[PDB]
Each structure stands twice: as structure tokens, then as C-alpha cells.
Amino acid sequence: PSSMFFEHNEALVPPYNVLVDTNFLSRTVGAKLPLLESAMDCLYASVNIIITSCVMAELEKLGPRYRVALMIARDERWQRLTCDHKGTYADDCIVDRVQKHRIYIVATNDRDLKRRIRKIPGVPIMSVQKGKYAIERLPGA
Amino acid sequence: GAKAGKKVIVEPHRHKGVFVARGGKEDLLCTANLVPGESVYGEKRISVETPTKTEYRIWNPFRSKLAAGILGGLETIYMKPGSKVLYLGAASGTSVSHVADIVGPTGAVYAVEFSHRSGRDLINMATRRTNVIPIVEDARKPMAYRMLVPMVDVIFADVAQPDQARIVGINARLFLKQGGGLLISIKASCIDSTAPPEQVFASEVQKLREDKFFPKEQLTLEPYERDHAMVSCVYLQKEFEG
Amino acid sequence: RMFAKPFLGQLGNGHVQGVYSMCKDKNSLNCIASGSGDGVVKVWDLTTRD
Amino acid sequence: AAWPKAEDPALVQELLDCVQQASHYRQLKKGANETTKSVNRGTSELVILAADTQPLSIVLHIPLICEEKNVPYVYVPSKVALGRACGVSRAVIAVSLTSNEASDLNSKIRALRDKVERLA
Amino acid sequence: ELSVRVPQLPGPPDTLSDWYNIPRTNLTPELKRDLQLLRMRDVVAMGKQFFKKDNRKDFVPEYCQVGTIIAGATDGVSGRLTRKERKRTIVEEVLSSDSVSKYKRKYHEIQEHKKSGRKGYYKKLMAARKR
Amino acid sequence: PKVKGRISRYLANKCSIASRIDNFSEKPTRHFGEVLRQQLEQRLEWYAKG
Amino acid sequence: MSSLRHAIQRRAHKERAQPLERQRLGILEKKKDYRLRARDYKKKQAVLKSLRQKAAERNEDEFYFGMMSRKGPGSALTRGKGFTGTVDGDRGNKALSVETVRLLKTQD
Amino acid sequence: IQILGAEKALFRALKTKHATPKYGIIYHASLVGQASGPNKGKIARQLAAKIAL
Amino acid sequence: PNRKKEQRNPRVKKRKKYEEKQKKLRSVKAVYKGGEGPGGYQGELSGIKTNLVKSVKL
Amino acid sequence: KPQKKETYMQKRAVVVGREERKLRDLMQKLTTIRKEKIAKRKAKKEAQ
């Protein structure tokens, strides 16, 4: 892709587009951390934070015990990429979108998705670490 | 380089209607000329002595974004010979002459331009070629040429306006068949002069999916034009034709 | 019983909290409004549900 | 005939300051023929034409290739001020200031062409 | 107004209708040499310009037509071959070009390397043993 | 020599000027070409000064 | 390891040559040349052993149809002096009818 | 007189041992125009001989 | 053990390594490298392959 | 077996002129250099 110098993604500039995974969202509202504010404190930069219909569908498929996380997810000031695919499998949706464009920072916490996107080059991973967020492979932070 | 007088041979390219002319020390791209013997903008043309009236015109990729995309390796271009093509941003009709030659005598090419002097050049080109019809009107207001343009199968877009996605949105909402192919040429420096190019292309593709297409391909035609991208999508379907 | 597929769509991104009231325009055909629980009301047109 | 005429309030002066900056940075081309050749080669990032030239057909032919190749072109109404801004000690009527891969002049160009695309 | 008809009832297509009727290849041996040259043009420009390695099983296409560049109206003093260089075949142009001595030199180097020790060397050793 | 190349480049410049004037006028005039031909004759006298 | 030796440890050992009083007999065969010879001779012996197995396990009553459309190896007795065990292969030339020879001779 | 006009093809075919052309301008003569194929060739020979006479 | 002058001057090493890693970049993707030359269009100077698509499939 | 008597086709074969012998020699040289080049390229790629 354009703006890619040997697994250094020159395309990501503040404002950072950060994709959310269901696991990262549930665990951050559990660890009582403001999502945009803590992400901005972790990256020192302006972020727009996006959530897909697949992630929203998995939070809704989970029962009413996650009503608080569903409300925080549907906080209005965040963009929503609607998806054009069938299975509503959020891991494959995120990996397909990232392989297509490769600008976002994936924010996830489960080791399977973490390895699956460490395989592809040039995508930073944000993960919760019980005090704050921690960004993995971003060269500028 | 490809000096005038060198002998080349002409093979058909994978797309229906474009030929690749290979020979000697340079291989180039060409389309079948509709009116023989008369160049449009001073381009080199190839003559073939069939065992006269048949000649090809050399397509300058640095000057035409469509030729740049086809050398960049588009999967398809949707414009078979005989398929109506609405061309938005038909400034002076160079690439429009090439597209009219690709479409051929049985189809049509609807060249929509806006500037009047480029319009004069386009009028000359359309007097020469009988399958292109010219329309001098602002592409943002398709209610002007809704009386002229019928249901085309391909929409080319070569406008660099900040309202590019909305322009192609209304023009496709009014003049594009079910499952209608389109190509758009996106210039990052004009879409968002502050932003990086990959993010600009992602934003424009998302705006098109809001405007009801479905993107099937996107390439960065890098060795011919800096910070460009050609995005191929289909209108309101997943396959192209039906 | 094979072709019973009744679910069509979801009107945009929905609300933050729950949908507790809604009403249609008995004069029109594609005008609907829904008032949520946090105190936001939204007016949707049914032709474009984005 | 010069419908993208730049207005008085300080847009003309931002244009002239940017032209002088580009002349110092050597990222600038002066003269009608050199503007024509730079636009044909496609290096032109922006182009400014005088509006008070002896007959306007010259800086009328430049917008033809300018519109054919889609570059932002403006008219400034003072060729002597254009020459004094380019630093020529002679009157220019056509200036094409080009693009490099790295400067801050490129950022000034981006802001300026955003303004003139709003003008058009 | 209405005449008797004439009954004219007594594989691969001749003309590609979808590409404006390009004729089938009349495989003259000059055309075969030209197609060998076009598959071989990584060697013709010796080292100075490389090409994308397009190598199929058959190097003849199914549809071709030999042509000539006519003219560029913008370039006509150096972008135009003289009359004494307008050759009929591409391989005639290549032989009339330069570096044919370079081809011959490289060919002699490869010939020496391949006749390195094959049989003349062994005949030499056998004579030096028998003497 | 060099005078032929000099006057040829000069004549090409004046020719392009005449072309753009006579094309981009609506109904063109003659005195601009008369002034240009006068400049050509004065350059002819200038090269005669040699 | 590999960083636990000096460059003088890494220094290559030179290969001696044939003595000059014996250079006429050819090159001095060292280990690499010997391996070349062993591979070549073992390969040829392998193929010859497989052919011997085949000639031993030949059924004497086989019948293909190349036996109807070829000219078998025969024996030394039948083939005469020019007898190699191989079957003669078709050079492609053939017998030409009189009409075609008339046409070719008219052109000549 | 049969192969007047077809000299290029004639001499190329003779120097390459190809088959010589059958006729020349006698083709665009009228009387051979009624035939087709081999009868056209035979009329070409006979018309050449009678034209010489 | 013996080293190079490129290793003896730490700026030159990061000049020679960068220029070499810039050269590898042109061998995988493509760089713009100026538009059409001043001579005009002399054909797509290195080959045109028909059966190759290079678009990012969305 | 290599034939020894000259066939009638070999006798009636035409002699070939200077331009065609030049082109044949050129094709021989170009084909040989192509073969050695493609062999070296395949060997290096096998090593990688």
C-alpha cells in the first residue's frame, strides 16, 4: 500500500483512528477507565475512535448483564463503520478491514486476535493493562 | 525512445477493446482509432497495413488517469465495446477521445465538461467523433442534462472537487443502471490537503459506501501520478452486469 | 416455514439508552419518531434508514 | 474573461508573499513559456497570472492547459507587483510554483490552493 | 421487390469481434523471428534496461498485426527515424543498431566457457600423454 | 551561424504571441501584428548593425 | 562459537597442486573432483544395473503394436556389421511419389 | 503474356522454389472472369496463347 | 577482528545502509520518481504484462 | 542413425543470401546469451 516503508506505517498521523474490539471495550468499562480520555492520555494525541456493527452486534448478543457496556459503546460522539458482510464475526471483520486499508490502530485484548494482527505488518495494537492503556507497535509514542 | 518509424506488433490486451503494442525496446498502450489518419491532440498513432483504414492511437498514461490505471493493473474496467459511459470532468476530451474509441460506433460516450473553452475543444472532438456527445454544464447539477443522458452502464469521474463523492452520488442516483460500474480518480492533495493519502482514500471509499455503491477495487497508480488512487465500485449490487 | 425471514432492518445506529416511546405520522408514510430513555428524541425517514 | 479574479482583501497579498517565498526556495518558474512547459510536464503545484497584461490572450491561453490538467490558477491584477514579488527586475505575467516532497512552503501552498479552490 | 433467394448453405474465430477484428497471425518466418525477438528483448538491450519477465509456453499470440509508429506532432527532429534506418523488420532494425559487436563478444566468452573442458581439452590431454 | 538561430527563436516567440492573440480574440484586429512586424524589422536593422 | 575465533582461525587453507615435473598428466584429483567422479560412475552403474534387471526379467512372449510398426534390433547376424542393439529411429524422410517429384523438379 | 504484371511474385517464387503466380493483367481481362478456380487457370493459359497469336 | 571504514564512521554507515534500503524499496513497490521526462513519452519503458492485476481487492 | 548419402531435398535446398545469414547468426547469438543468462538466474534463485 501507499505510504509504507518496510513495515513502518507512515500513514498514521494524529488524529489516530482507533478500532475497538468487544473484549477491549468490556474490559475497559470494567477497569473503570474513560475510553476516549484514557486513549488520548495513552497516545498523547487526538483520536477518533470507531466501533463496527460487528462489535456492536457481539455486545448486543451478550446478555443484559452487559447493559452498562452497551450504553458506553453507544456513546454518541463516536463514529460507526457499517460493515458489508454476512457472518458478523468481529475478528474477521476487523482483520479484513485492516488488511484492506491499514490506517487504524486495533485496540484488543485477546491473544488470538493479537497474534493474528501481529502477523500482518504495520498495525499498532492498544490493550488495557489494569492501570491505563498500553500501545504496542507505534513508532511515535 | 519509441521513435517514429520503428516496427511494432499489436496484440490484444486482456480488457475488451484495448490493445498493447509491443516492439523493439518499448511496449506501450493503444486503442483502435475511430476516425483514421487524424490525430486529436498530437499523439503518436500506429498504422497497420492489413492484407489503410485501420490505425491505433498511443495512449499517454502520464496524461490520462484511465490509461495510468490500466497499466497499474486494474482487475476490470467495465467498459466493453458498446457500453454507454458517462464521463464526468471531460476537460478538452483527450481521455474522452480514447474512451469513445474504446466504446466504438455502437455505444456512446457522454462527455460532461464545465469550462467553456475546454468546451470548445470538446465540441471540436465531438464533431470529429460521432459516438461521443458533449454536454457543457456543471456536473453538480444533473437536472440540467437529465434530458440528454440515458441509463449508462459506466460512470467515469475525473473531477477533483471537495464535493466529489456527492457529485458522483447524485449523478449515479440519476443516471446509472442497476449494478452500474464506476471508476473514480481521487487526488488526495485536493480532497484533503492536510491529511495523509491512505487516510484520504479510506475516507472517500467510506463516503461512497454511504452513497450506496460497493467498492470492489482500489489501486494507487504510483509510478505515473503522485498521491492518486483509482477506485472501482459497483452501484447497488455485487457483480457487475446482472 | 423455509422462507419465513421476517427481520428487515434496524433504523440507523439507534439510541444510547432504551427506546421507550415512538409514534408514526398518520398523515405521511415514511415519517417516524422515537423518544429514548435519556431524553433524546429522533425523527427518522423510512426511505433512508442510515 | 478572467473569472477567477482574486479579490482585494489580503488574498492577493498572501499570494504575492507565497510567490516571493517560492522564488527564494527556487521552487518557482517565471514567464509564460516556462509556466506552459511546467504545466505540460505536470510539476506545477499552482499558477498565478497577471490581469493587467497587454492583451489578455496570453494569460488566457495558459488557463486552457491549466483546466485540461486540473491545476489551480488565479489572476492577480498587477504584473509589476508580480515582477517585484518574484524578484526579477522585469515584469512577469505568469508564475508557476511547483511541488517538492518536503518543505513548509508545501503547507503554505496547500492552504493557498484551498482558498483559491473555494474562490473558483 | 421480392426476389428468389440464393441458397449459400454450403473452429476458432477469424476476427475478434470484441476487439474490432484483429486478424489471426499469419505465421511467416519473419513474424516468428520477430516474436522470438520480442520474447528475448531482455537480452537485446544488453543490461541497460530490463523488462517484466513475461514467459509463456508459446510465445506466439493468437492474434497480432505488424505496424509502424507514424508520427508525433510535438517531436519530429529526433523522434523520427531517418530513411536509411527505417527497416522493414524489427530484427533488421536490431542488426542495423549498435552493440552487435557487444553481442559477439559476449557470445565468444560463453563459447570459451562452454568449450572449457568438454572434448578438445581431453584430446589435448590424450596427445600430451601419448607423446 | 548564430544569427539564424537567434532570429529563428525570436521569430518563433513572436509567432506564438500572434497565434494566441488571434485565437483568443473574438473578432481579431491587425495593428498588434503590425506592431510586431515593426519590431521584427527593427531587429532586422539591429542585426544589420553588425 | 562463531565470535570465539580469530580471523587467523578463520583463515582458509591453501590447496596444493600437481608437481611441475608431472604437470603433463593432467590436473591433480582432490576431494571435490573425486566426488564428481564417484557420482557420475555410480549413476551410470545404477542405470546399467536397472537395464540388466529389465533384460533378465524380460518376458519372451510380449506383444505390443509398436512391434507391428517398428524395425526391431534383430541380431548381429541379421543386421550385419552396422548393428547396435538400439532400434533404428525414423529420420522423417520418406518415399516420394512420382507426381510430387515432377512438381519439385519443375521448380528446380 | 500470361504473367505480364505479376513479376514480383513470379521472381520471388522462382528464386525461393515456391509455386509461380498463375496470371497477371489477364485476370482483369473480361473472359477469364466467368470462370472459378481451376477453370480460371486453364482459361488463363488459353487466353494468353490466343492473345499472343 | 577486522572491520570496514563504513563501520568506523557511524554516520556513513547510516548513509550507506539507508541508500541500500532505499534501493530495495524501489524493487518491491514503486516510487513516483518524477513524471514524464522532458523528452516526452517514450513508451512504458519496461514491459507491459497483461495477466497481472495489482489492485487491493476490497 | 546419421544419414550419409545426400537426399534430393538436401541437394535441391537453396543457398541463402547475406542478409538472411546475418539475421540467422544474430538470432543464434541472442538465443545463446538468453540461455546462459536464464541459467545463471535460475541457479542463483535456487541458492536463495
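Should a chain be cited, it is by its letter among A, B, C, D, E, F, G, H, I and J, assigned in written order, with residues numbered from 1 in that chain.
Assume a contact is a pair of C-beta atoms (placed from the backbone, for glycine too) under 8 Å apart; a residue touches a chain by one contact, two chains touch by 3 or more.
For each chain, UniProt lists the protein as follows: B = rRNA 2'-O-methyltransferase fibrillarin; D = H/ACA ribonucleoprotein complex subunit 2.
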Message: Quick check for you: compute each chain's CA centroid and the global CA centroid, then name the chain with the smallest gap between them.
response: B
Message: Using mean CA coordinates as chain centres, what's the gap between chain B and chain F in Å?
response: 41
Query: How many angstrom lie between the CA centroids of chain E and chain J, rounded to a whole number?
result: 14
Task: Could you tell me the distance, in whole angstrom, between the mean C-alpha positions of chain C and chain D?
output: 53
Field: Centre distance in Å when chain D and chain F are each reduced to the mean of their C-alpha atoms
entry: 26
- prompt: Considering chain G alone, which of its residues make contact with at least two other chains?
  reply: 108
Task: Mind pulling the residue numbers of chain E that touch at least two other chains?
output: 44, 49, 51, 72, 74-75, 79, 94
Shared-contact residues (touching 2 or more other chains) in chain D: 42
Message: If I apply the definition of touch given earlier, which pairs of chains qualify?
response: A-B, A-C, A-I, B-D, B-E, B-I, D-F, D-I, E-G, E-I, E-J, G-H, G-I, G-J, H-J
- request: Quick one: which bits of chain B touch chain E in the complex? Just the residue numbers, please.
  value: 1-12, 16-17, 19, 21-25, 27, 32, 39, 42-48, 50-51, 54-56, 58, 80-81, 104
- line: The chain J residues in contact with chain H across the complex are 12, 14
Message: For a test of understanding, state which residues of chain E touch chain G in their complex under the given definition.
response: 125, 128-129
- prompt: Which chain F residues qualify as touching chain D in the complex?
  reply: 13, 16-17, 20-21, 23-25, 32
Query: Touching chain J in the complex: which residues of chain H?
result: 15-17
